[PDB]
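Undergrad: So I've got this file, my_file23.txt, and it contains compact mmCIF, C-alpha atoms and all ligand atoms:
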```txt
# COMPACT_ATOMS: atom_id res chain seq x y z
CA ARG B 8 124.31 -104.59 71.87
CA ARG B 9 124.70 -102.49 75.04
CA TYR B 10 126.58 -99.26 74.41
CA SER B 11 127.31 -96.88 77.27
CA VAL B 12 127.04 -93.09 77.02
CA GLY B 13 128.64 -91.08 79.81
CA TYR B 14 127.23 -87.57 80.14
CA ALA B 15 128.75 -84.49 81.80
CA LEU B 16 126.21 -81.66 81.94
CA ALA B 17 125.42 -78.80 84.30
CA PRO B 18 122.67 -79.50 86.89
CA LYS B 19 120.07 -77.42 85.03
CA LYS B 20 120.95 -79.16 81.77
CA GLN B 21 120.64 -82.59 83.44
CA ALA B 22 117.24 -81.64 84.82
CA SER B 23 115.98 -80.70 81.37
CA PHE B 24 117.78 -83.27 79.13
CA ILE B 25 118.08 -86.39 81.34
CA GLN B 26 114.41 -87.23 81.89
CA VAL B 27 113.03 -90.59 82.94
CA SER B 28 111.49 -91.22 79.51
CA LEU B 29 114.85 -90.59 77.82
CA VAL B 30 116.77 -92.80 80.27
CA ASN B 31 114.23 -95.64 80.07
CA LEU B 32 113.77 -95.48 76.28
CA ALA B 33 117.53 -95.46 75.63
CA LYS B 34 117.93 -98.38 78.03
CA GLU B 35 115.62 -100.66 76.03
CA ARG B 36 117.44 -99.76 72.81
CA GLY B 37 120.65 -100.79 74.55
CA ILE B 38 122.04 -97.32 75.31
CA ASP B 39 123.13 -96.96 78.93
CA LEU B 40 123.23 -93.30 79.93
CA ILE B 41 125.75 -92.94 82.76
CA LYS B 42 126.37 -89.80 84.77
CA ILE B 43 129.97 -88.61 84.75
CA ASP B 44 131.23 -87.36 88.11
CA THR B 45 133.15 -84.28 87.03
CA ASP B 46 134.65 -83.94 90.53
CA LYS B 47 136.81 -87.02 89.69
CA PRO B 48 139.22 -87.54 86.76
CA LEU B 49 137.37 -88.56 83.60
CA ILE B 50 140.02 -91.20 82.79
CA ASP B 51 139.17 -93.07 86.02
CA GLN B 52 135.51 -93.61 85.09
CA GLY B 53 133.70 -95.85 82.64
CA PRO B 54 135.29 -96.50 80.15
CA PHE B 55 132.40 -95.28 77.97
CA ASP B 56 131.65 -95.88 74.30
CA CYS B 57 130.59 -92.26 74.03
CA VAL B 58 131.15 -89.12 76.15
CA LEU B 59 128.40 -86.53 75.78
CA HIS B 60 129.22 -83.24 77.40
CA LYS B 61 128.50 -79.54 77.76
CA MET B 62 131.06 -78.15 80.22
CA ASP B 63 133.12 -74.95 80.37
CA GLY B 64 136.75 -74.37 81.26
CA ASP B 65 140.20 -75.58 80.23
CA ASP B 66 140.42 -78.35 82.84
CA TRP B 67 137.48 -80.25 81.34
CA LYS B 68 139.26 -79.80 77.99
CA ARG B 69 142.41 -81.23 79.58
CA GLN B 70 140.43 -84.20 80.89
CA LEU B 71 138.76 -84.96 77.54
CA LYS B 72 142.15 -84.99 75.80
CA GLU B 73 143.53 -87.19 78.59
CA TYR B 74 140.54 -89.51 78.25
CA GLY B 75 140.53 -89.65 74.46
CA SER B 76 144.24 -90.48 74.46
CA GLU B 77 143.65 -93.56 76.60
CA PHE B 78 140.45 -94.54 74.76
CA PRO B 79 140.98 -93.32 71.18
CA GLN B 80 137.98 -95.35 69.93
CA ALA B 81 135.49 -93.61 72.25
CA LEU B 82 133.28 -91.10 70.47
CA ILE B 83 133.29 -87.56 71.93
CA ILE B 84 130.09 -85.50 71.38
CA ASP B 85 131.24 -82.97 70.67
CA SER B 86 134.81 -81.95 69.95
CA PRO B 87 135.89 -79.15 72.33
CA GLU B 88 137.56 -77.13 69.55
CA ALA B 89 134.36 -77.36 67.49
CA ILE B 90 132.21 -76.30 70.45
CA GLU B 91 134.68 -73.50 71.16
CA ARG B 92 134.22 -71.79 67.76
CA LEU B 93 130.71 -70.89 68.95
CA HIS B 94 132.03 -68.89 71.93
CA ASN B 95 133.23 -65.87 69.90
CA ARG B 96 130.56 -64.33 67.70
CA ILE B 97 132.93 -63.68 64.77
CA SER B 98 134.22 -67.25 64.59
CA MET B 99 130.71 -68.59 65.31
CA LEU B 100 129.41 -67.63 61.85
CA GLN B 101 132.54 -68.53 59.85
CA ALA B 102 131.23 -72.00 59.08
CA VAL B 103 128.35 -70.55 57.01
CA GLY B 104 130.81 -69.49 54.34
CA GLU B 105 131.99 -73.08 53.92
CA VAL B 106 128.57 -74.67 53.42
CA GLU B 107 128.25 -75.55 49.76
CA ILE B 108 124.83 -76.73 48.61
CA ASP B 109 123.07 -76.48 45.28
CA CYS B 110 120.22 -74.08 45.85
CA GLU B 111 119.85 -71.42 43.19
CA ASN B 112 116.26 -70.91 44.52
CA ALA B 113 117.51 -68.81 47.42
CA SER B 114 120.84 -67.54 48.74
CA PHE B 115 122.22 -67.61 52.25
CA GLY B 116 124.98 -65.98 54.19
CA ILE B 117 125.63 -63.86 57.25
CA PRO B 118 124.94 -60.19 57.81
CA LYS B 119 127.65 -57.58 57.39
CA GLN B 120 129.56 -57.02 60.59
CA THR B 121 132.66 -55.50 62.13
CA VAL B 122 134.41 -55.79 65.51
CA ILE B 123 134.82 -52.97 68.05
CA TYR B 124 137.23 -54.07 70.75
CA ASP B 125 137.54 -51.08 73.12
CA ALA B 126 136.70 -47.43 73.82
CA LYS B 127 139.30 -46.09 71.39
CA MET B 128 137.81 -48.14 68.57
CA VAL B 129 134.31 -46.76 69.15
CA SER B 130 135.84 -43.33 68.50
CA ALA B 131 137.41 -44.56 65.25
CA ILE B 132 134.09 -46.01 63.97
CA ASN B 133 133.29 -45.24 60.32
CA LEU B 134 130.35 -47.37 59.19
CA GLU B 135 130.55 -46.16 55.58
CA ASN B 136 133.96 -47.48 54.56
CA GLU B 137 132.87 -50.88 55.96
CA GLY B 138 129.70 -50.81 53.86
CA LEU B 139 127.62 -50.67 57.03
CA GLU B 140 124.63 -48.41 57.49
CA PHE B 141 122.65 -47.50 60.56
CA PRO B 142 120.26 -49.69 62.03
CA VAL B 143 123.25 -51.61 63.41
CA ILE B 144 123.03 -54.12 66.21
CA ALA B 145 125.81 -54.48 68.79
CA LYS B 146 126.36 -57.97 70.20
CA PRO B 147 128.84 -58.93 72.93
CA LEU B 148 131.89 -60.58 71.40
CA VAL B 149 131.90 -63.54 73.78
CA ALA B 150 128.90 -65.91 73.68
CA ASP B 151 129.51 -67.62 77.01
CA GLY B 152 125.89 -68.12 78.04
CA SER B 153 126.09 -65.40 80.71
CA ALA B 154 123.35 -62.80 81.04
CA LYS B 155 125.85 -60.16 79.86
CA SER B 156 126.47 -62.05 76.62
CA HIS B 157 122.77 -61.62 75.68
CA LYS B 158 122.54 -57.88 76.45
CA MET B 159 122.32 -56.20 73.07
CA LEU B 160 122.09 -52.69 71.66
CA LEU B 161 120.19 -51.29 68.70
CA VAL B 162 121.97 -48.17 67.40
CA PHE B 163 119.95 -45.90 65.11
CA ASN B 164 122.33 -42.98 64.48
CA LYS B 165 125.77 -41.52 65.24
CA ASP B 166 124.72 -40.75 68.78
CA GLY B 167 124.01 -43.97 70.55
CA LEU B 168 127.35 -45.26 69.36
CA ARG B 169 128.28 -43.59 72.65
CA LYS B 170 126.30 -46.35 74.41
CA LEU B 171 128.34 -49.24 73.01
CA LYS B 172 130.01 -51.42 75.68
CA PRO B 173 132.94 -53.15 73.87
CA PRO B 174 134.20 -55.84 73.00
CA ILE B 175 131.30 -55.90 70.54
CA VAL B 176 130.38 -57.21 67.12
CA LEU B 177 128.73 -54.40 65.16
CA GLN B 178 126.30 -56.00 62.72
CA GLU B 179 123.84 -54.59 60.19
CA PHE B 180 120.23 -54.76 61.32
CA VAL B 181 118.23 -56.62 58.67
CA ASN B 182 114.48 -56.03 58.31
CA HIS B 183 113.10 -59.56 58.49
CA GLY B 184 109.36 -59.40 59.19
CA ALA B 185 109.81 -59.75 63.00
CA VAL B 186 110.24 -63.53 63.02
CA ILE B 187 113.27 -65.80 63.34
CA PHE B 188 113.34 -69.39 62.16
CA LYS B 189 115.11 -71.49 64.79
CA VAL B 190 116.43 -74.68 63.23
CA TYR B 191 117.25 -77.58 65.58
CA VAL B 192 119.66 -80.30 64.44
CA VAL B 193 120.38 -83.77 65.84
CA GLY B 194 122.78 -85.40 63.40
CA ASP B 195 120.71 -85.52 60.19
CA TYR B 196 117.37 -84.78 61.91
CA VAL B 197 116.16 -81.21 61.33
CA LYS B 198 113.24 -79.43 62.98
CA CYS B 199 112.27 -75.76 62.67
CA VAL B 200 110.08 -73.48 64.78
CA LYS B 201 109.15 -69.80 64.38
CA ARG B 202 109.80 -67.31 67.18
CA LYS B 203 109.11 -63.62 67.77
CA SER B 204 111.82 -61.13 66.79
CA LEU B 205 112.48 -57.40 66.53
CA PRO B 206 110.18 -55.25 64.38
CA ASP B 207 111.35 -53.64 61.18
CA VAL B 208 112.88 -50.17 61.38
CA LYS B 209 110.50 -48.17 59.16
CA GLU B 210 113.03 -45.92 57.37
CA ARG B 215 111.94 -42.14 66.49
CA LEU B 216 112.27 -40.80 70.02
CA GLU B 217 115.64 -42.43 70.82
CA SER B 218 119.00 -42.94 69.10
CA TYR B 219 119.56 -46.33 70.74
CA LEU B 220 117.55 -49.22 72.18
CA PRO B 221 118.91 -51.89 74.57
CA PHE B 222 117.24 -55.28 74.48
CA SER B 223 117.87 -58.84 75.52
CA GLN B 224 115.90 -62.01 76.14
CA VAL B 225 113.73 -60.94 79.10
CA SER B 226 112.59 -58.03 76.87
CA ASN B 234 104.20 -55.01 81.23
CA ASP B 235 100.56 -55.74 80.55
CA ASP B 236 98.32 -52.73 81.28
CA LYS B 237 100.13 -51.16 78.34
CA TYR B 238 97.89 -51.93 75.35
CA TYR B 239 99.19 -54.01 72.48
CA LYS B 240 97.84 -56.75 70.24
CA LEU B 241 100.35 -59.59 69.96
CA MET B 242 101.32 -60.06 66.32
CA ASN B 243 100.81 -63.50 64.88
CA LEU B 244 103.46 -65.33 62.96
CA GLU B 245 101.06 -67.55 60.89
CA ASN B 246 101.39 -65.63 57.68
CA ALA B 247 105.20 -65.43 57.68
CA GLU B 248 106.44 -67.91 55.07
CA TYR B 249 108.85 -70.61 56.15
CA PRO B 250 112.06 -70.78 54.14
CA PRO B 251 111.87 -73.78 51.79
CA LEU B 252 112.13 -77.15 53.57
CA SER B 253 114.77 -78.47 51.19
CA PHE B 254 116.90 -75.37 51.77
CA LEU B 255 116.67 -75.49 55.56
CA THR B 256 117.57 -79.18 55.79
CA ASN B 257 120.41 -78.97 53.23
CA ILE B 258 121.90 -75.98 55.07
CA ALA B 259 121.48 -77.76 58.42
CA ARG B 260 123.26 -80.88 57.18
CA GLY B 261 125.99 -78.83 55.47
CA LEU B 262 126.48 -76.97 58.78
CA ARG B 263 126.56 -80.27 60.70
CA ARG B 264 129.40 -81.34 58.41
CA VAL B 265 131.38 -78.06 58.55
CA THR B 266 131.06 -77.27 62.25
CA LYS B 267 131.68 -80.95 63.11
CA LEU B 268 128.83 -80.59 65.67
CA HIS B 269 126.15 -83.24 66.05
CA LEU B 270 123.79 -81.20 68.27
CA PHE B 271 123.10 -77.52 67.63
CA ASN B 272 120.51 -75.03 66.56
CA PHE B 273 120.88 -72.05 64.27
CA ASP B 274 118.76 -68.93 63.83
CA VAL B 275 117.70 -67.85 60.33
CA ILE B 276 116.19 -64.60 59.22
CA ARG B 277 114.86 -63.73 55.78
CA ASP B 278 116.32 -60.56 54.31
CA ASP B 279 113.11 -58.79 53.29
CA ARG B 280 115.05 -56.28 51.14
CA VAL B 281 115.71 -59.14 48.72
CA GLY B 282 113.09 -61.78 48.47
CA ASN B 283 114.98 -65.00 48.72
CA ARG B 284 118.04 -64.24 50.84
CA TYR B 285 118.38 -65.92 54.23
CA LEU B 286 120.89 -64.95 56.92
CA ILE B 287 122.21 -67.12 59.71
CA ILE B 288 122.69 -64.90 62.76
CA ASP B 289 123.27 -67.37 65.61
CA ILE B 290 124.55 -70.93 66.09
CA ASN B 291 124.40 -72.54 69.56
CA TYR B 292 125.86 -75.81 70.85
CA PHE B 293 123.52 -78.52 72.28
CA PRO B 294 120.38 -76.43 72.93
CA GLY B 295 117.33 -77.43 74.95
CA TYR B 296 115.63 -80.44 73.33
CA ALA B 297 113.18 -81.56 76.02
CA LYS B 298 110.07 -79.99 74.45
CA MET B 299 110.91 -80.92 70.88
CA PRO B 300 108.18 -83.43 69.93
CA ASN B 301 109.37 -87.02 70.19
CA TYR B 302 112.77 -85.87 71.50
CA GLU B 303 113.36 -89.12 73.44
CA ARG B 304 113.05 -91.29 70.33
CA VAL B 305 115.00 -88.79 68.20
CA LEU B 306 117.86 -88.60 70.71
CA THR B 307 117.83 -92.35 71.36
CA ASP B 308 117.94 -93.16 67.62
CA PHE B 309 120.73 -90.59 67.21
CA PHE B 310 122.90 -92.33 69.85
CA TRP B 311 122.24 -95.74 68.28
CA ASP B 312 123.12 -94.38 64.82
CA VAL B 313 126.39 -92.66 65.82
CA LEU B 314 127.47 -95.46 68.16
CA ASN B 315 126.65 -98.05 65.52
CA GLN B 316 128.53 -96.09 62.88
CA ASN B 317 131.53 -95.59 65.17
CA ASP B 318 131.45 -99.18 66.45
CA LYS B 319 131.49 -100.28 62.81
CA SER B 320 134.86 -98.52 62.42
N1 LIG M 1 121.51 -58.85 62.12
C1 LIG M 1 120.33 -58.79 62.76
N2 LIG M 1 119.26 -58.14 62.20
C2 LIG M 1 118.07 -58.09 62.82
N3 LIG M 1 117.82 -58.68 64.01
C3 LIG M 1 118.80 -59.36 64.66
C4 LIG M 1 120.12 -59.47 64.04
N4 LIG M 1 120.89 -60.20 64.87
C5 LIG M 1 120.13 -60.51 65.95
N5 LIG M 1 118.88 -60.03 65.81
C6 LIG M 1 117.78 -60.17 66.81
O1 LIG M 1 118.32 -60.21 68.16
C7 LIG M 1 118.05 -61.47 68.75
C8 LIG M 1 119.28 -62.05 69.43
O2 LIG M 1 120.36 -62.14 68.51
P1 LIG M 1 121.19 -63.50 68.54
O3 LIG M 1 122.37 -63.24 67.63
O4 LIG M 1 120.23 -64.65 68.29
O5 LIG M 1 121.63 -63.55 70.09
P2 LIG M 1 121.59 -64.72 71.19
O6 LIG M 1 122.86 -65.51 70.97
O7 LIG M 1 121.56 -63.88 72.44
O8 LIG M 1 120.33 -65.52 70.90
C9 LIG M 1 117.62 -62.37 67.60
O9 LIG M 1 116.70 -63.36 68.04
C10 LIG M 1 116.99 -61.42 66.60
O10 LIG M 1 115.65 -61.08 67.01
MG MG M 2 130.24 -84.94 91.37
MG MG M 3 119.60 -66.52 69.07
MG MG M 4 123.45 -67.55 70.79
```
Spit out the file's structure as structure tokens when you get a sec.

TA:
Amino acid sequence: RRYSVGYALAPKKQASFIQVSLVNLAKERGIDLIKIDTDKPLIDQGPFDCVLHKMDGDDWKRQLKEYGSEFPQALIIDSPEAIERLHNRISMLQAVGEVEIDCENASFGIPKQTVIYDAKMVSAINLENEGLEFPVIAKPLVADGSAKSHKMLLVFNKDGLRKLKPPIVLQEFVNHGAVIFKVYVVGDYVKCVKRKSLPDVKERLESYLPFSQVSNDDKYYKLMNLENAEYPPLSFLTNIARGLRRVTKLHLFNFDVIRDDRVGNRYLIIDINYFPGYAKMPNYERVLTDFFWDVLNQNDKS
């Protein structure tokens, strides 16, 4: 009894994750959540049973390695190399190809994509020999959480390629009924929620369309409902989530799923993010508290 969890998170992540309910509920289960001062060497604090973190930069990486060398039995959530795979959008999706699950009901994968590094490479673009076709979507290569990294481009024809801002991933746009399925994972716990997405390109006035996250009224529109969109099968979502947990080596992540409406039963993972916002997930205090108990009780048992 009485495990300690040191946490190193940005101030806005502390405000949303470290709530009173979470602190107090973990404390009665015996989990002591302790704030890491990142302005002081990690190795000079604690020691902690577990280090939970979401910090950028090589020096934090240096400090984790330093810390884990002196306390090789402390659990690190999560491994910095595992987190780091999610920072380049090519390497981000590589784990999907390693997930092996029995599910002949439906297939899964990632959309076709190619990388455009600079201006010269835009000029050399040939979608055809890559098996790409227009409707493509250009995504910044680096997923660093900056505003820039979310600024995206829909390209409808040859012109509009001129609006690419490399380094970019060039990815086929998949008609998916205008709804993403965001799957949240905490260890073996799996929750899914629908969210609005881009409309289908009905195979207009522009050869490109930039869009982001912030993408008023007075212009008439009826907001489409997502009720009638079918969820992917529950068994498939949770088996893929737990396969991904095992391949990425990440305990806390979400991934975005779209259904490829061209086929019926093909699902594509288009995004995987480390340690997303959990504070409005129902019951998140008990789910996160039980997760810490489970992983600390597993690790303490070894
Ligand atoms: N291959 C694709 N086909 C169709 N829509 C896509 C595709 N990739 C991304 N999108 C749309 O763009 C949005 C952002 O893409 P995503 O890869 O999730 O970026 P971010 O990391 O900024 O969330 C998605 O929520 C989805 O609506
Ligand atoms: Mg400090
Ligand atoms: Mg996303
Ligand atoms: Mg993302």

Undergrad: Tell me, in Å to one decimal, how far atom CA of residue B:101 is from atom CA of residue B:58.

TA: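 The value is 26.3 Å.
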
Undergrad: Residues of stretch 180-293 of chain B within 12 Å of stretch 137-140 of chain B: nearest atom pair and distance (Å, one decimal) for each, counting all atoms listed in the file, sorted by chain and number, as a Markdown table?

TA:
```
| residue | atom | partner | partner_atom | distance |
| --- | --- | --- | --- | --- |
| B:180 | CA | B:140 | CA | 8.6 |
| B:181 | CA | B:140 | CA | 10.5 |
| B:210 | CA | B:140 | CA | 11.9 |
```

Undergrad: Which one is closest to residue B:282: B:24, B:115, B:10, B:67? Count all atoms listed in the file.

TA: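 Comparing B:24, B:115, B:10, B:67 against residue B:282, the winner is B:115.
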
Undergrad: Set the cut-off to 9 Å, count all atoms listed in the file, and list whatever residues fall near ligand MG 3 (chain M) as a count of residues only.

TA: 10

Undergrad: Could you list as a PyMOL selection string every residue that has an atom within 8 Å of (120.4, -80.5, 58.9), using the file's coordinates and counting all atoms listed in the file?

TA: chain B and resi 191-197+255-263

Undergrad: Neighbours of stretch 201-206 of chain B within 7 Å (all atoms listed in the file; same-chain residues fewer than 2 positions away dropped), as a PyMOL selection string?

TA: chain B and resi 184-189+199+208

Undergrad: Determine the nearest neighbour of residue B:112 from the options B:225, B:145, B:49, B:252, counting only C-alpha atoms.

TA: B:252

Undergrad: To one decimal in Å, tell me the separation between atom CA of residue B:113 and atom CA of residue B:245.

TA: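 Between atom CA of residue B:113 and atom CA of residue B:245 the gap works out to 21.3 Å.
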
Undergrad: Set the cut-off to 12 Å, count only C-alpha atoms and all ligand atoms, and list whatever residues fall near ligand MG 4 (chain M) as a ChimeraX atom specification.

TA: /B:92-97,99-100,146-159,189,223-224,271-275,287-294

Undergrad: With all atoms listed in the file as the atoms that count, which of B:127, B:60, B:277, B:68 lies nearest to residue B:82?

TA: B:60

Undergrad: Please measure the separation of atom CA of residue B:39 and atom CA of residue B:16, giving the value in Å to one decimal.

TA: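 Atom CA of residue B:16 lies 15.9 Å from atom CA of residue B:39.
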
Undergrad: When you look at residue B:301 with a cut-off of 12 Å (counting all atoms listed in the file), what residues show up, excluding the ones that are within fewer than 2 positions of it in the same chain? I need them as a PyMOL selection string.

TA: chain B and resi 28-29+32+196+198+296-299+303-308

Undergrad: Write a file of the just-selected residues containing C-alpha atoms, as a CSV table (one decimal), in the frame of the given file.

TA:
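Saved result, result24.csv, follows:
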```csv
chain,number,residue,atom,x,y,z
B,28,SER,CA,111.5,-91.2,79.5
B,29,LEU,CA,114.8,-90.6,77.8
B,32,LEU,CA,113.8,-95.5,76.3
B,196,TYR,CA,117.4,-84.8,61.9
B,198,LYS,CA,113.2,-79.4,63.0
B,296,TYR,CA,115.6,-80.4,73.3
B,297,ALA,CA,113.2,-81.6,76.0
B,298,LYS,CA,110.1,-80.0,74.4
B,299,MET,CA,110.9,-80.9,70.9
B,303,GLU,CA,113.4,-89.1,73.4
B,304,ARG,CA,113.0,-91.3,70.3
B,305,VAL,CA,115.0,-88.8,68.2
B,306,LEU,CA,117.9,-88.6,70.7
B,307,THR,CA,117.8,-92.4,71.4
B,308,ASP,CA,117.9,-93.2,67.6
```

Undergrad: Check which residues fall inside 6 Å of ligand MG 2 (chain M) when counting only C-alpha atoms and all ligand atoms, and print them as a PyMOL selection string.

TA: chain B and resi 44-46

Undergrad: Keeping only C-alpha atoms, write the selected residues to a file as a CSV table (one decimal), keeping the file's coordinate frame.

TA:
```
chain,number,residue,atom,x,y,z
B,44,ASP,CA,131.2,-87.4,88.1
B,45,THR,CA,133.2,-84.3,87.0
B,46,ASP,CA,134.6,-83.9,90.5
```

Undergrad: Counting only C-alpha atoms and all ligand atoms, figure out which residue out of B:17, B:161, B:134, B:171 gets nearest to ligand LIG 1 (chain M).

TA: B:161

Undergrad: Name the closest residue to ligand LIG 1 (chain M) among the candidates B:169, B:183, B:9, B:36; distances are taken between atoms, counting all atoms listed in the file.

TA: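 The closest residue to ligand LIG 1 (chain M) is B:183.
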
Undergrad: I want to know what sits within 8 Å of residue B:41, based on only C-alpha atoms, with residues of the same chain fewer than 3 positions away left out; could you give that as a PyMOL selection string?

TA: chain B and resi 11-14
